[PDB]
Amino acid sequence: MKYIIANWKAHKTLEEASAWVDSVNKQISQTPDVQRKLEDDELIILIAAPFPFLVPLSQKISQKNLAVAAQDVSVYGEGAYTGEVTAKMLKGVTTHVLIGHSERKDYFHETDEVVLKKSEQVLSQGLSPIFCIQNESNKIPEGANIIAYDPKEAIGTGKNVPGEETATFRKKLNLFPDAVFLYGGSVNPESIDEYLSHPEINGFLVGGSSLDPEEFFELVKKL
């Protein structure tokens, strides 16, 4: 069960986003080994798209284990919180919610308490958090089954964490042995081979190399 997440971050218009889905759809139908892994639950591809694109894009998708995911969610539930997108609103549109991304720590001063609250919202609606952490000091909820290690220094820098340090890291975390562990941080078609030889690493969170749907599919083809 390999995971790969295209994290567009704050990129793309509705039109650019829909073109991306047509490019990935066509490549999937053109690549029978990828189709096999998807159909056999050996692979899942998550498109972590901005909130306003989740529903239109998900209407363009019929491939099993290809699905949209939210990039974030409100710390609040339903209520008078102008601007907030709640887990309950996502219950309709997606099954996976990325939370705790390093960028939200840097730019919006998200703390562990904040992310843990976001995690409780996601789980209480029956959704799956993809719980991002920056290091060993970030607290991890026990309802979290999918963790993404995305350290700030590796994001967009080319300085990906050595594969064996990444595998070592996973063994040292506050995680059930059967949890899903992803790596994110300058994963590109050259970088990714450094992690595929470590079974402790179950997938990838891909930012930069996810914007071009062809580059992203080079990554998909390697899992």
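The first residue of the sequence shown is number 1, and the count goes up from there.
Student: For the higher mean C-alpha B factor in the entry, choose 164-172 or 55-63.
Tutor: According to the entry, 55-63 carries the higher average C-alpha B-factor.
Student: Read off the CA B-factors in the entry, average them over 28-36 and over 188-196, and name the higher stretch.
Tutor: Per the PDB record, 28-36.
Student: Whose CA atom has the top B-factor in the entry, of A148, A80, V93, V115?
Tutor: The listed residue with the largest C-alpha B-factor is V93.
Student: Sort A69, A179, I44, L182 by C-alpha B-factor from the entry and give me just the highest.
Tutor: That would be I44.
Student: Sort the modelled residues of this chain by their C-alpha B factor and say whether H109 lands in the lowest, middle or highest third.
Tutor: According to the entry, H109 has a C-alpha B-factor in the chain's highest third.
Student: Could you say whether, by C-alpha temperature factor, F217 belongs to the lowest, middle or highest third of its chain?
Tutor: It belongs to the highest third of the chain when residues are ordered by C-alpha B-factor.
Student: Comparing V122 with the other modelled residues of its chain, is its CA B-factor in the lowest, middle or highest third?
Tutor: Middle third, going by the recorded CA B-factors of the chain.
Student: Split the chain's modelled residues into thirds by Cα B-factor; is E142 in the lowest, middle or highest one?
Tutor: It belongs to the highest third of the chain when residues are ordered by C-alpha B-factor.
Student: Going by the entry, which third of its chain does the Cα temperature factor of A10 land in?
Tutor: Answer is lowest: the recorded C-alpha B-factor places it there.
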